[PDB]
């Protein structure tokens, strides 16, 4: 009854060579819930925006995805609206009034019916965030949207799921999320317990530390997976609604010139924007798990791999390059911690970045860990 929630990126199919990952590559039986990412919202009409129509519609992307339920009827196939690239301003604008919310709600219902989805994952990042086109009134109005969506889903009578991806920083929770009311309306809370550190922070660190490190201070003091999930509990979310995010990727850094200190918290060349782009994801500061293991784990690797004794995460470095991530050891530790705490399950960003080709060893090594632990785990009643 535990969840293994797998986010699927629709843009992964455009990755070159062995990086190419499509619908056919999803290891469906390893997941209980799979989420097609992303659709968006229109700026002008507050309707569902199909972001890659040639792929999603013309090449039958949405339907290929949902029709996987024929072979795997026990699995839920939903769609995510929002995501980082979508921005937050269109969503703050959409929830501003009742009329615009209901226009979106109607569009959502039409979309879900048309492409046979089992429900919707809300990924607005984030309500109430000034840095993301939000404002104070987003907190109330995001709740209104969620309540209105739930009632519409009930009226359709198909038992659709409604979930949300959420941050874990206290200031983000205060600005955007009525926790008790939201957790009541939602089937699951997908906590984005990653990207907690990165180039934007101005120092090298692992991005999903489980526990606090000595160097964690001020805003970073409770910015770890354990304290972050505890925060969601303390604000009123039941343990059996919380799903813990696991990143299948690393946040990389370019160290400052002449810096021979590779410890956690060491200064970086922030202007570089992060570590150099990897060949398949081609993104500064962002390396897929398979891009990391093919570099760090090889027999003649010149990378030095270390372990965060407090955060329970691996990091590795070579020359000016430094990356923090998750490996089988850290993932296993998090799986046991999830069961220890009694949370609803595990979530991954994203399934397309596991070692699905088995370049470094066994195929889909990370998702197999999530499946192994969660499938043998019974979610206890709310604490």
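Positions refer to the first chain, counted from 1.
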query: Stretch with the greater mean C-alpha B-factor as recorded in the entry, comparing 368-376 against 5-13; finding: 368-376
query: 145-153 or 301-309, whichever carries the higher mean Cα B-factor; finding: 301-309
query: Highest-ranked of 176, 87, 277, 245 once sorted by CA temperature factor in the record; finding: 277
query: Residue selected from 201, 231, 210, 191 by maximal Cα B factor; finding: 201
query: Ranked against its chain, the third holding the CA B-factor of residue 76; finding: middle
query: Cα B factor band for residue 139 (lowest, middle or highest third within the chain); finding: middle
query: Residue 113, C-alpha B-factor rank within chain (lowest, middle or highest third); finding: middle
query: Chain third (lowest, middle, highest) by recorded CA B-factor, residue given as residue 324; finding: lowest
query: CA B-factor placement of residue 161, once the chain's modelled residues are sorted into thirds; finding: highest
